[PDB]
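1. fold the stuff below for me.
(chains A and B)
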Amino acid sequence: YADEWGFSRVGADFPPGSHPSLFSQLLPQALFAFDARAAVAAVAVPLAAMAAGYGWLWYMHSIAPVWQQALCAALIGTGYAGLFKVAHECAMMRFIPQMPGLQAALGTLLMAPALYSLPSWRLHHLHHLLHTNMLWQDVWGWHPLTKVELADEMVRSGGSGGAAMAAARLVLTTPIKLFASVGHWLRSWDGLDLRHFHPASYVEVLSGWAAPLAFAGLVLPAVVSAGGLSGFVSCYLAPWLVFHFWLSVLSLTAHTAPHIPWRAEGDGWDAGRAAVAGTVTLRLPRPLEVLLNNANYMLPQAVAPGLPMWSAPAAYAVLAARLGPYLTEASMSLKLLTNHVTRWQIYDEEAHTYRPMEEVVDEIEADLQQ
Amino acid sequence: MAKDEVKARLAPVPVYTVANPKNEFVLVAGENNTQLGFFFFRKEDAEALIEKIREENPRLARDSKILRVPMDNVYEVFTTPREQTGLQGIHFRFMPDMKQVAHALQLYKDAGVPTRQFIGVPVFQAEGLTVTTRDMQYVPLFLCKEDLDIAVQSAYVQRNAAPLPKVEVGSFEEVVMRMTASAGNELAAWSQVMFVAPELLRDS
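-> Numbers count the residues shown, from 1 in each chain, chains lettered A, B, ... in the order given. The coordinates are given below.
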């Protein structure tokens, strides 16, 4: 039984030795095309939702109720999450391959409101793709708090207290866990350090950092100059938090479950066993899938990194008809969120048993030093 | 007088309206036509109308602002028939201060009349109070009873000494209509008019 957590269709077991691009031959070449209508719709529909939300905001600024403001901010954030999915496709060089210059300009312009960098984003996501579900190396992803590290900050820091034993107890036990993409965004700046990067890409990395810096130095002072704090929380900060909620939810539901293990390299980690067996496809209602620009279908993009975004549900239908028992699906519901918040918090590296924080602390607490 | 002379003499009197951002007019329409400008002499009544607009249509109150306009442009608005402009039915009435309406009723009570009724905006004047300019002697019309009291008390305590100068109150619409339609000796009587603003002899 694995629908005890809303994980509906669960996967049994995958043989090792396989590479995810291996399954690209299961996808016919009709999906790897350019539909200009689909591209224009994918840019325009979330932009239409954002424009409708902002027109509502200029209609009723402060005379509106809090819940009406929250609903409008949620609509704007979902539209910008769809636009950020478009920018992610542009970063992956698979939105408009005919015009790389327009692709890069569009991706940078659509990632500037998120205070994200296109080259840093594609670098970190290529790192995550090459190190999917691999311990101590992927970083750019929902790397779980292992009981070894909780034990380290549990005994090597003394008792049960500690800075990383209070910050972790605040983040991975509370619904602020569904906003940890803010922490990922803070980590994505790489300390504004060029020494992490190749010396032959310094100008690209600097420009990719400068365009969100141009946004935060030009547009954001114009927002605070046109409404103050009340005109900044409701116009930018709440859509920003909604977009980060969507990014956190998609990233957390992609590669985290009790039946998906995290193994370091040389221990038995494999690319196929981590990609087409370690991915849970989130399923959303069709207006949400259109507004999010099919950002919950990341498995066919993983197995074929040239497959465009609009063909992702069709290619996932092909892959679910072909592979069969190896895939995992999960509908979007309160069950998955409450399980990710209250139950799946600590990953013991012994039987992939995501457990509550206290129950594991109890082990390393009433034992080890005792 | 001519309208230029009336506008020149009505300049030091300010009034307050409620305006949409493109200098429109929050014209409370009530029922069938009956739009009412309600030129407020006091800003508290204008803010009260702002509160009413806020409770009724909250989109309009944020857009609208209290516009200060001198009485010459108000007179220009009042004079022209609105059918010629093509926007008719807007009544453009005057709203007096309630405290000064009460003071006008109290001064009405001195002779003995229906002292719970008044017409128009009250204008106060003491029979014998004159302002000595450079070589001409203007007659101040006081928009405020407190300002008239300060001027009367200061003038009699400065010129020494019985010293109650009648103190009569009329309507501001009629002192404008008489200014417009005066031609004979009434023209020379009104040429010495002087209009004290509602807050001119304050705590200074």
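
2. neighbours around the residue nearest to residue A:14 when sequence neighbours are not counted, how many?
-> Closest residue to residue A:14 apart from its sequence neighbours, by CB to CB, 6 or more residues apart in numbering or on different chains: residue A:277 at 3.7 Å. The C-beta positions use only the backbone N, C-alpha and C, and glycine is treated the same way. The local packing of residue A:277 (other CB atoms under 10 Å in any protein chain shown) involves 24 other residues.

3. and residue B:187, by the same measure?
-> Count around residue B:187 with other CB under 10 Å applied: 14.

4. so residue A:160 sits in a strand?
-> No: counting by DSSP: H, G, I helix; E, B strand; the rest coil, residue A:160 is located in no strand; its state is coil.

5. ok, it - contacts?
-> Counting by CB atoms under 8 Å, 6 or more residues apart in numbering or on different chains, residue A:160 touches A:154, A:361, A:365.

6. OK, contacts around residue A:136?
-> Residue A:136 sits next to residue A:264 when contact means CB under 8 Å, 6+ apart.

7. so residue B:197 versus chain A, what's the distance?
-> Distance, residue B:197 to chain A, by CB to the nearest CB, to the nearest Å: 35 Å.

8. residues in chain A within reach of chain B, list them.
-> Those residues of chain A that sit near chain B, judged by CB under 8 Å from any CB of the partner chain, are A:59-63.

9. same list (these) but as TSV, adding distance to residue B:149, secondary structure and neighbour count.
-> Shown next, in TSV, are these (distance: CB to CB, whole Å; DSSP: H, G, I helix; E, B strand; the rest coil; neighbours: other CB atoms under 10 Å in any protein chain shown):
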residue	distance to residue B:149	secondary structure	neighbour count
A:59	50	helix	11
A:60	48	coil	15
A:61	46	coil	16
A:62	44	coil	11
A:63	44	coil	14
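
10. nearest to residue B:180, of those residues?
-> Closest to residue B:180 out of these is residue A:63 (43.6 Å), distances taken as CB to CB.

11. the closest one contacts residue B:58, correct?
-> Yes: between residue A:63 and residue B:58 there is a contact under CB atoms under 8 Å: 3.8 Å.

12. residues contacting the residue of chain B found nearest chain A?
-> Going by CB to the nearest CB, chain A is nearest to residue B:58 of chain B, at 3.8 Å. Neighbouring residues of residue B:58 by CB under 8 Å, 6+ apart: A:60, A:63.

13. helix/strand/coil for the residue nearest to residue A:14?
-> With three-state DSSP as the basis, residue A:277 sits in coil.

14. what sits against it?
-> Counting by CB under 8 Å, 6+ apart, residue A:277 has contacts A:11, A:13-14, A:260, A:326, A:328.

15. buried members of the residues you listed into ChimeraX, please.
-> Here is the ChimeraX command that selects the buried residues among the contacts of residue A:277 (16 or more other CB atoms under 10 Å in any protein chain shown):
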select /A:11,14,260,326,328
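
16. nearest to residue A:334 among the contacts of residue A:277?
-> Nearest member of these to residue A:334, counting by CB to CB, is residue A:328, at 19.0 Å.

17. gap between the closest one and residue A:246?
-> 20 Å (CB to CB, to the nearest Å).

18. quick one, phi psi at the nearest residue to residue A:349 once chain neighbours are set aside?
-> Counting by CB to CB, 6+ apart, residue A:349 lies nearest to residue A:146, which is 5.3 Å off, once chain neighbours are set aside. Dihedral pair for residue A:146: phi -80, psi 150, per degrees, to the nearest 10.

19. ok, residue A:146 touching residue A:347?
-> Yes: Residue A:146 is within contact range of residue A:347, at 5.3 Å (criterion: CB under 8 Å).

20. next up, the contacts around the closest residue to chain B within chain A.
-> The nearest approach of chain A to chain B comes at residue A:63, 3.8 Å away (CB to the nearest CB). Residues in contact with residue A:63 (CB under 8 Å, 6+ apart) are B:58-59, B:62.

21. please redo it, this time with the cut-off set to 10 Å
-> Neighbouring residues of residue A:63 by CB atoms under 10 Å, 6 or more residues apart in numbering or on different chains: B:54, B:57-62.

22. with residue A:102 instead?
-> Each residue near residue A:102 by CB under 10 Å, 6+ apart is listed here: A:90, A:95-96.

23. go on, residue A:127?
-> By CB under 10 Å, 6+ apart, residue A:127 lies in contact with A:137-141.

24. what's the answer for residue A:31, then?
-> By CB under 10 Å, 6+ apart, the contact set of residue A:31 is A:300, A:304, A:307-308, A:310-312, A:314-315, A:318.

25. checking it next. Helix, strand or coil?
-> Assigned with three-state DSSP, residue A:31 falls in the coil class.

26. cool, and the one 3 residues further on?
-> Following three-state DSSP, the label given to residue A:34 is coil.

27. got phi/psi on it?
-> Dihedral angles for residue A:34 - degrees, to the nearest 10 - are phi -120, psi 110.

28. residue 111: neighbouring residues, count only.
-> In the absence of a named chain, chain A is used. Neighbour number of residue A:111 under other CB under 10 Å is 25.

29. sorry, I should have been clearer: chain B.
-> Residue B:111 has 8 neighbouring residues, counting by other CB under 10 Å.

30. name the nearest residue to residue A:205, sequence neighbours excluded.
-> Using CB to CB, 6+ apart and skipping residues adjacent in sequence, the residue nearest residue A:205 is residue A:197, 5.1 Å away.

31. so residue A:255 sits against residue A:129, correct?
-> No: assessed by CB atoms under 10 Å, residue A:255 is found out of contact with residue A:129, at 11.2 Å.
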